[PDB]
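Visitor: Sharing a structure here in structure tokens format.
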Amino acid sequence: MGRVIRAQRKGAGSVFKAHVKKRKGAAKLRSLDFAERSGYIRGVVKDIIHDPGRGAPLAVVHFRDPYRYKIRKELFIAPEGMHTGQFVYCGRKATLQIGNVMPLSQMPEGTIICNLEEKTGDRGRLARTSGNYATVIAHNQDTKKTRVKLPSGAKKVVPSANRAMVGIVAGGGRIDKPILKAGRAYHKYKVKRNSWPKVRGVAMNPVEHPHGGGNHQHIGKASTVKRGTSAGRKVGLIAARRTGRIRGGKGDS
RNA sequence: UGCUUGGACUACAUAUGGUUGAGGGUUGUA
RNA sequence: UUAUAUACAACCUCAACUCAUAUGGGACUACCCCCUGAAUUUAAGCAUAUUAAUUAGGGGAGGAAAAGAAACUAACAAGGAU
RNA sequence: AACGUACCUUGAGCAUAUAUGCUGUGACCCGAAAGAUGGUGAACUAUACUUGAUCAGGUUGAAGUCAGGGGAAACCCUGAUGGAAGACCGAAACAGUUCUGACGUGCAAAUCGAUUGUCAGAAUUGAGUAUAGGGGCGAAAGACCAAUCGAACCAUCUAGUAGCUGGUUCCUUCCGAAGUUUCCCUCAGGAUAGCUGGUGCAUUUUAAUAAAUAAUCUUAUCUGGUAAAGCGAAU
RNA sequence: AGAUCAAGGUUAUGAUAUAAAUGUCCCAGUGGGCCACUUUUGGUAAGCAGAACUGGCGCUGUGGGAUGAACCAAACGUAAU
RNA sequence: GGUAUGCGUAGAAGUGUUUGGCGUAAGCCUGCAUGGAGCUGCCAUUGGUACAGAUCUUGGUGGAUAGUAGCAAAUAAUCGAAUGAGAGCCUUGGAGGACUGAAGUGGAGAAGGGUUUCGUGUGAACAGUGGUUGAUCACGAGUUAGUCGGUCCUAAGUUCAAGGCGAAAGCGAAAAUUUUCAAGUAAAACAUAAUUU
RNA sequence: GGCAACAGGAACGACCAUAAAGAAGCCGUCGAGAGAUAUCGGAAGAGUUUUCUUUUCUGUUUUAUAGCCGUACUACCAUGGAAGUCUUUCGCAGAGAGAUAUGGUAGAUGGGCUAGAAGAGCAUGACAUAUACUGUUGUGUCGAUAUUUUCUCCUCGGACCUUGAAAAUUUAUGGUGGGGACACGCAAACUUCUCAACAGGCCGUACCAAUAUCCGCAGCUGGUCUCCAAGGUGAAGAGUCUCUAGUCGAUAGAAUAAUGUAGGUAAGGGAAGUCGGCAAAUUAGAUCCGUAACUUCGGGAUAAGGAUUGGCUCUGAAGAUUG
RNA sequence: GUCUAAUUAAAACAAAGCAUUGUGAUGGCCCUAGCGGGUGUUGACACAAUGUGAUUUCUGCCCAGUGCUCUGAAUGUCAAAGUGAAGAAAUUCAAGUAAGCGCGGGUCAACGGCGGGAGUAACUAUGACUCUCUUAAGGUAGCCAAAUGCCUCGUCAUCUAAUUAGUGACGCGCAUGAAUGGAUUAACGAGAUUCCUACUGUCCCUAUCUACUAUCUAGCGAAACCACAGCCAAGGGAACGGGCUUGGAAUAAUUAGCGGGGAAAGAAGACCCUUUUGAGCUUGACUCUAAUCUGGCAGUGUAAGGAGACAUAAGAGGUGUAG
RNA sequence: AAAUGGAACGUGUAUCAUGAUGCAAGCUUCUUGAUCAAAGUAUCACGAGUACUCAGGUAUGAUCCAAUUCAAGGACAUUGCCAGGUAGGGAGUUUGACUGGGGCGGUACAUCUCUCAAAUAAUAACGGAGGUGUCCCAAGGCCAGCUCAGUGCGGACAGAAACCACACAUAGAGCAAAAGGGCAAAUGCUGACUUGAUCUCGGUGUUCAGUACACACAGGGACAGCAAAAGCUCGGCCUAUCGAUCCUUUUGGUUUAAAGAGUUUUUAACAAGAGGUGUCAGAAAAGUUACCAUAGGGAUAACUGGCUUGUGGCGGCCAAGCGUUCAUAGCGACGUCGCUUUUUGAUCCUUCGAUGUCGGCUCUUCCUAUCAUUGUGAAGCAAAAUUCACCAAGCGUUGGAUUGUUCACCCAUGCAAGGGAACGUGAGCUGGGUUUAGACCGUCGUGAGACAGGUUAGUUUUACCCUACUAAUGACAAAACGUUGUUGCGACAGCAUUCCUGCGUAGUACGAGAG
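Under the UniProt record's numbering, the first residue of the first sequence carries the number 1, and numbering increases by one thereafter.
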């Protein structure tokens, strides 16, 4: 037997639950309702806020509700260069300037987008973190399927009616400065989750880790596991195609 | 109407009945 | 009378009610009915087997319960619910 | 006709009491480390949340700023200001380095004393919560999860099993051993024969008011290749 | 190789007989042995290791060897001589 | 179970004992002592049937030592008086010399405690010395709220209409679907209206 | 009403809607006041008198709630137009998107007055009354210096791949429709003004909070969250000493052997001791000088190595209001 | 910074930095009996899995083995189901045969690995060179008697009066070596080690003063342990006696010490061996298993086209002597 | 679940010669404002109260059609059931015995031969030398014929060369193989012919329990082979060359059964073989634990004590010698004989319900196997210096650098620096070495983890008992006789002093001088 390993103990909850307390409330696009489906709609952007845990600022845009008398406040992923008191024009007949949202059909190839929709109407899934964006690389008038290029480089074929906000998302690129200390990684993660100080599993005892155990810190078995290899064995370099120093041909084609 | 002190009632699930009903369910007469 | 332009009357399906009247949820544990189900042990080791179709069970009843009036036995000179 | 045999050769059994033995059951008594079924714990400690409170005094002197001074410029040189930092010495606190000091039937089931480590942070703490046992939590020691942890605690299964240890309670009278053989996942145990006691029974001119057995010598007769002898017999 | 008759002297070494013969209960325990003469193998030796024979100790007291599991005498009901 | 026409408050069992014997022994009889109500011999048949051991069980007791180890951290008390059977205490009161030394050996609260609180008494026990004193013992008392708190709100979380699931019990349930699954309004007709999952 | 900032005794919430308050961490921070402590003055009473000391000491206080004045501070308003740039902070903050100026508005958390305030009451100190529940005299007054030795208010900052609760409850304003709404008045006013009646239930409330009330089997040197906080010397909530409160309770007497546990000193030598300088010893605060290898240029560094310091009597420098 | 509360605070963990891995949500890692969830209020500057461990300077070669992946050109293995055939049937046979495996490609900042012998330079020595045998590649930059070197107290220099220690070099390195990271590295360390000053009772070599004990007293008062006990030498014995045997000797009751014995007390030996006793851990152990992937069947429908013109409407072929 | 899919007027691009045709297309983009709740419109209520106060409803505004809330997939995924692969993530369990501890080795685990084995037979050790797990259609059977190792003399090419050839030739040859027996008109060699290497029933020998396999043997029955016959043959000239149950299998009856009855398939039964257990009287089975555990063991190691001596250490006999000459002043080759047991082992006697396991520090005493000192002897002894030997344990036998070590070597002292005993001495200390748990390297392992390799950090308890010892008081009685004091005596026990140097002696003796 063993102990249940640490890789297995995160899917269960308690001390590997997210710390979602002061989070400002799930940034999404507005719902693809009617105004975005025939014309457009205008709302100002009242504040920029930093969600505690996030990496990119969020925008508190609020529009008018068209069928009720309410002002409907909305959190958006802020594209870069969005002051307060800007008018954002979310809809189909809007024009190309940042960060209006408009379906992929209207905006022309070569543009760069963010907070893109994956399935047509689902409020904003792809390319949402700071500094990232997705270029619209091509179109098709046959069955309306637009190729975008996502931040991994993998070129997806989304359909051509799902909304997206034009412009590269504000707050980048922040991964370029060293954290430098361990009490800046303590602070980085105390509002995200308990991916702790992560101990190396080669230094545990042979009960709690596959890699762990010996008289020397060493693996001995291979660190590339199979894909289907049955937690808590699937540990280390899962399902690895190649390993070692990649040279040149990282290129995603 | 304001307060006090006493009483009576108000749980869910269900069966038959009662009462108001709902439906581009199914027809009928206007 | 059904462009979802009103009403009527039925029926079906379905609601709601501090509606009128009713049941239901005990808990006991020796026996009883249905489940669910080990390992100690034994094998002079041990893995099927054994424990045991049993401890732990674990829901449901009665004064008993369950059963029960042959889709039964038998091969005879034939028997006859449980 | 031959071989076979748990069979027959004119019935001896059935019931029962007791003693001994062999086997099944708690099995003469007490004794495991363990396995399982269902429960109870985060009042201690680990971690995470939510909400509160806490840390004398100094020491250093980042950026930013201000004025002089040198320069064709580039830009530099000096004096202040300023008050940064998982920076410094240290109090409270939190920790526990050395003395291998005290103590060691304690003051204490981990404390006492001087000496040390940190001290504004990956800080220390309360309260409410959250995670439960082949599970949790872990800046990782198999650490901690109520003085319990290379698997908590509790009750039961259960009087688990034990080829091993310890014991096994009156007195006289009679007889009186074995440590060997064969087999065994057998070598601290069994089975198995030898040795033992009991209880009979049959009976003798070696049994009851021998012209016949049996075990040391003699006789007669077989066998033997050791002591001695031998290499002027073989090898 | 047998089945019945005929003849056969004095029963065919010695000394022994605490009785022998035979079943059952293969009933209890035991299945660690040690010591010694002579024989003997391994070891250099060993109060070591392993066998053959007989006797002992184990189970056994008493007399002797000052002393002692096995040596030498001797085996043990209570007493006198 | 039968028997001894047994023994017994005129003294049963038991217990003690320099009572006296019997037995090879296990044992047994008997006198006296104490005791105060039951008991034995024999023939059967039986049993929870005999102890020196088991680091045996349970209770008691010895030596040590019946008074030995010891009652040594937190600087420290001393006078005289009153008590009182008895005073090194704390018993008290006056002098008193000292300690803590405001990050106290100070004054109050949280958790915890549960009457320890406070008067009047007081013997034993307890207070590892004593004790007249006591957080002890005995007996009487004592906690007063519109304003201080709870109560009210929601946090993490408990997750909780069964739509669901499971043989059930029940459920590592940020449900994500459960007709109105609504929280609703002095609101008109011909299910009050944009509305709230 | 006021040009305006806004102002007054009230002056269509019944909804829909929007905004705000509730609603806040951390570290530092100019300034305001409180509280304390502190000198020098009045008073009133104690202390001390070897000798000397106009001494050395205590005491002098004003709760909520209100009324009014009220000004610092920050930001707005009006007139106005700024380079020869001026304003201003410890700190670099501002200004043609209106500076400096002159006048004003807002906020007052800040105090000063006066109600409370019966010489409130209190405190002190005289008396006086066998004495009880006592009658009574007289005081209570000036200035000033100091620290987050401590709270509170205000200001501006700082760090951050950290950016620092939700709801109850409250309030304002905006809105359509609806109500109030005569002028010869009678009035009204969930009136968001003033005044008056009445009521406010349930439950906790003693005491300890630990060298003796708690947990550790105990009157156990351990443990167990907070609040208040004096004088001295000093950088200091340090260490020694003391004031207010609090204790002398740790079984007591005699005596001072050996070995000890704890603390001192030791000639000469100075690590020879020892596994090893373990243990001890040395140095240490402050001012001034001065400082090496190496370096990630930041440090090293308090490197090293030196000098100074008491007491007494003097001199010089640093400020404030008035000129 | 952090850990083994109650023997180890360290060089171990962590850490920033570096790098490899998976994943575009019908997803990746995870939990769940089942339903459903966690990351996730998430979206490649993100979540998840590892290794290395700041900086600097670097990171050689090997894809034979084991893994891991592949868009893998897939006749060799080959499940059930469906399929054909033989039989009266059970049944037996044959084709076909998915994923894996087999074959094949890629990867080592995946697990790991990283050679021999011979001959030679006008003195010996050494071998730049040469032969040659093997292998996947033969250990490259580098460092080193290393906390890593057996031999070893290696050899040389230094530090010393003397050094199995330290240091610095040398390198046929039993058995160094490059993110199993190599060589360095300033600052920092209750870390390991060496030496020089300073300083001393550590020592030569002990002495004395203090306090509290112990001591004696009054009061109070345990425990451990205990076969019976406690004078030796020698002998013999189960081979180290208080007891036996032979001597030596042998006199009460006691106080403070002491640490020779009692093979002294604790404690059914922590090592070791046995037990057909276990438990924790591993893994190409035997045998199972969750989850996973893969095939089949079920749910499971309506349309067209191509390959099947099958069962079928209907059509057509015939030359040996002779005739 | 808010505006889905149509169509329609609307305006424009565009075409067709004012049409139709296909498309755009019906309103919000300079600005941090604002919007909810119908205006208008028409027709009816078109009136009520009564011009007078006061009024609805519908569409329109805001076009009609058809519902599928809308999307994205979609007869796939998901799910049910089966099947294949995968799977130390998890589970259960195993991981031989023997053995001069265990492990490693090895096979002494089944079996055979000679020896041990001590004259029946039996007999043991991880005693000695070997063997076996096969081989053979002839190497089995049988009848006949011939004789082998070798040596000797001869013969063209002919030595060792072959091959022919005559005499000798007791097995010195051969007999599948180990060893032992055995065999000469064979059991050997060659030739003939062969299948008895078959079928059946019991019994005996061995092993022995006096059980089974297996091998062998003596027979009965049957069928055969060779041989003229007698006879011989039931494998191998004899002693090794082998394997249960269960299951699978095949061959055999012209088989028995399937239990309601018939026939056929099938299955089973019975008999004889086969498939194999080598750990061979026969489980189906990998490691590790320094994180550990229990039952035990002195049946069993590490540790003291005992016994033992290859090793350690050791002194006499005899002299080949060396010693210039000279054997023995001093040594002494090859021999030979004894002595000690602290190491090294050897064993496994004692202890595993525990004897604290290295050293050092401290402190005692004892032993001589004499280093120095006292007393002497000898010398290849002139003096000095030294060497040999005797009586001798009285007094000594040091300070330090490195290392945990003991011996160790080195500096220094010294006219001159012996060796040992309770493996002396841990409730004496210490804790440096080894030696639990932490951690790091190097090697080894796939790994857990290992290492008679290195490094670091690692809890050292109790005396108050008896005794011994050290000091301190000390009675009753007893007594060659009271109570008390004073002054003594010694039996007995202890026993302690020690070496060094300087000046004289004297530059003397001695020597040639140097000394």
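Quick reminder that beta carbons are idealized off the backbone N, C-alpha and C, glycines included.
Taking 8 Å as the cut-off, does the segment 71-90 touch the segment 134-150 (at least 3 CB pairs, one atom from each stretch)?
Guide: no
Visitor: Below 8 Å, can you find three or more Cβ-Cβ pairs linking the segment 28-48 to the segment 121-131?
Guide: yes
Visitor: Going straight from the alpha carbon of residue 185 to that of residue 179, what length do you get?
Guide: Rounded to whole angstroms, residue 185 to residue 179 spans 7 Å at the Cα level.
Visitor: Could you tell me which residues DSSP pairs with residue 295 in its beta bridges?
Guide: Lying before the first or after the last residue shown, residue 295 is absent from the chain, which here runs from 1 to 253.
Visitor: Indicate the three-state DSSP secondary structure (helix, strand or coil) for residue 157 in the structure shown.
Guide: strand
Visitor: So what's residue 34 in DSSP terms, helix, strand or just coil?
Guide: coil
Visitor: May I have the straight-line CA-CA distance separating residue 76 from residue 240, to the nearest angstrom?
Guide: 37 Å
Visitor: Would you mind working out which of 248, 93, 46, 2 sits nearest residue 163, comparing C-alpha positions?
Guide: 93
Visitor: Which ranges does the alpha helix (DSSP H) cover as unbroken runs of at least 4 residues, wholly within the segment 160-209, from first to last along the chain?
Guide: 185-189
Visitor: Determine the closest residue to residue 176 out of 55, 235, 5, 253, with distance taken between C-alpha atoms.
Guide: 55
Visitor: What are the boundary residues of the beta strand (DSSP E) that residue 211 is part of?
Guide: In this chain, residue 211 is not harboured by any beta strand (DSSP E), its DSSP state being neither H nor E.
Visitor: Output the boundary residues of the beta strand (DSSP E) element that contains residue 102.
Guide: 101-103
Visitor: Is it buried or exposed for residue 109, if we count other Cβ within 10 angstroms and need 16 for buried?
Guide: Flag for residue 109 reads exposed.
Visitor: Evaluate residue 215 with the Cβ neighbour count: other Cβ atoms within 10 Å of its Cβ, from every protein chain shown; 16 or more gives buried, anything less gives exposed.
Guide: exposed
Visitor: Do you know offhand how far residue 187's Cα is from residue 14's?
Guide: Rounded to whole angstroms, residue 187 to residue 14 spans 20 Å at the Cα level.
Visitor: Rounded to whole angstroms, what is the Cα-Cα separation between residue 249 and residue 242?
Guide: So the two alpha carbons sit approximately 12 Å from each other.
Visitor: Given that a residue counts as buried once 16 or more other Cβ atoms are within 10 Å of its Cβ, and exposed if not, what is residue 128?
Guide: buried
Visitor: Leaving aside the five residues before and after residue 16 along the sequence, list all residues of the same chain whose C-beta is less than 6 Å from its C-beta, in chain order.
Guide: 10, 194
Visitor: Out of 24, 23, 139, state which residue places its alpha-carbon closest to the alpha-carbon of residue 111.
Guide: 139
Visitor: Assuming residue 228 and residue 8 are in contact, meaning their beta carbons sit under 8 Å apart, how far apart are those beta carbons, in whole angstroms?
Guide: Incorrect: roughly 16 Å between the Cβ atoms, too far for contact.
Visitor: Residues in its own chain within less than 7 Å of residue 52 by CB, not counting five upstream and five downstream?
Guide: 22, 23, 191
Visitor: Which complete alpha helix (DSSP H) runs does the segment 25-70 hold, if anything under 4 residues is left out?
Guide: 35-38
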